[PDB]
Amino acid sequence: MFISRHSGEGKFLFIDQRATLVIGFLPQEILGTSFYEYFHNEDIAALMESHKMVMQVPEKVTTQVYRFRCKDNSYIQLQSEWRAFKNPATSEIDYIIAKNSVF
């Protein structure tokens, strides 16, 4: 129930106005960091496979429900819909949109 956007490699570029209440981080704390800084140890391998798919195919990918580390170093459960958009003249990823649903 918050939107974020990331670079092709997973770096946070944007969090919406609802995100800080969920995850605790202010934008200045999280923008510029990799999403790999936050995933739980037990979910990171599966999430990397979802990310690989996002980068390869131009369709939406829905992750498993995973644990995300909040500013207080506890975890919350999220499920994310990810989709990448590529510049048609360079093939590089402009951004990935993420719709992050909270449990």
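By convention in this text, residue numbers begin from 1 on each chain and track the written sequence, not necessarily the entry numbering, and residues missing coordinates are not displayed. Think of the side-chain values as coming from all heavy atoms in the structure, minus any hydrogens and water.

Here we look at the packing of aromatic side chains
Two aromatic rings from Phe, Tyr or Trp, using only the six-membered ring of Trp, form a pair when their centres are within 6.5 Å; if the ring planes differ by under 30 degrees the pair is stacked, by over 60 it is edge-to-face, and anything between is tilted. In this structure the tally under the stated criterion is 9 aromatic pairs. Measuring from centroid to centroid gives 5.8 Å for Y36 and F39, while their planes differ by 85°, and the two rings are edge-to-face. Residue exposure (1.4 Å probe, protein chains only): buried if accessible area is under 20% of the type maximum, exposed if over 50%, otherwise partly exposed. Looking at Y36, the relative accessible area reads 29%, which means it is partly exposed. Ring centres of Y38 and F68 lie 5.2 Å apart, and the angle between their planes is 10°; on these two criteria the pair is classed as stacked.

Things to note about the side chain of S4
Under the DSSP-based scheme used, a helix requires at least four consecutive residues in state H or I and a strand at least two consecutive residues in state E, with every element numbered from the N terminus. With respect to the helices, strands and loops of the structure, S4 is situated in strand β1 (residues 2-6). Here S4 falls in the buried class, since its relative accessible area comes to 2%. Under the rule applied, a polar contact is a pair of N or O atoms within 3.5 Å (in protein, one hydrogen donor and one hydrogen acceptor; residues adjacent in sequence only if both atoms are side-chain atoms). One polar contact links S4 to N100, side chain to side chain, over a distance of 3.0 Å. Contacts are residue-level and defined by heavy atoms, with any inter-residue pair within 4.5 Å sufficient. Among residues more than four places away in sequence, those in contact with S4 are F12, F14, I15, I96, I97, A98 and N100.

Some words on the pattern of salt bridges
Here the idea is simple: oppositely charged side chains can pair when their charged atoms come close. The salt bridge definition used is simple: a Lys or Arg side-chain nitrogen within 4 Å of an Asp or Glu carboxyl oxygen. Evaluated as defined, the whole model comprises 4 salt bridges. Measuring nitrogen to oxygen at the nearest pair gives 3.7 Å for the salt bridge that ties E49 to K52. Of the two residues, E49 and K52 both sit in helix α3 (residues 44-56), 3 residues apart, roughly one turn of that helix. What makes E49 partly exposed here is its relative accessible area of 46%. A salt bridge links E81 to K60; the nearest nitrogen and oxygen atoms lie 1.8 Å apart. Of this pair, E81 sits in strand β5 (residues 75-86) while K60 sits in the loop between α3 and β3 (61-62), placing them 21 residues apart in sequence. Relative accessible area serves as the criterion here: at 38%, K60 is assigned to the partly exposed category.

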